[PDB]
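Next comes the structure, spelled out in structure tokens:
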């Protein structure tokens, strides 16, 4: 939801640690055009650390 | 040298996805469409 994003070559890398990750909100918000994962199902992420 | 064919052999079938793991002495012959995980996709193709 940030105003501006970095360029595809300028892409910033954000480190995320020491917090809770809730992916059930982003999946049911219908705020995405497409959602796809590789090797891990999205609902399993709730039970994984 | 026998069963392998050029482009793949689709005659042999296997079940890749299921809701829960089967018990010993338990089998599934059903080819019907089932849910591929814990995602509320209702079994239909798509939604991962």
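Chains as they are written, first to last, in the authors' numbering: chain A, 343 to 391; chain B, 440 to 487.
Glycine included, each C-beta is placed from N, C-alpha and C at the ideal position.
Handout entry: Spatial distance of residue 343 of chain A from residue 370 of chain A (CA atoms)
Key = Locating residue 343 of chain A in the first chain gives position 1, counting from the first residue. Locating residue 370 of chain A in the first chain gives position 28, counting from the first residue. In a straight line, the C-alpha of residue 343 of chain A is about 16 Å away from that of residue 370 of chain A.
Handout entry: Start-to-end residues for the alpha helix (DSSP H) that takes in residue 369 of chain A
Key = As a position in the first chain, residue 369 of chain A is number 27, starting the count at 1. Element bounds for residue 369 of chain A: 366-370.
Handout entry: Proximal residues of chain A, C-beta to C-beta of residue 487 of chain B below 8 Å
Key = As a working note, residue 487 of chain B is residue 48 in the second chain. In chain order: 377, 378, 379, 383, 384.
Exercise for the section: Identify the contact partners of residue 477 of chain B in chain A, using a Cβ-Cβ distance below 8 Å as the criterion. Expected result: Your numbering for residue 477 of chain B matches position 38 in the second chain. The contacting residues are 383, 385, 386.
Problem - Coarse secondary structure for residue 444 of chain B, derived from DSSP in three states - result: For the purposes of this step, residue 444 of chain B is taken as residue 5 along the second chain, with counting starting at 1. DSSP places residue 444 of chain B in coil when its eight states are reduced to three.
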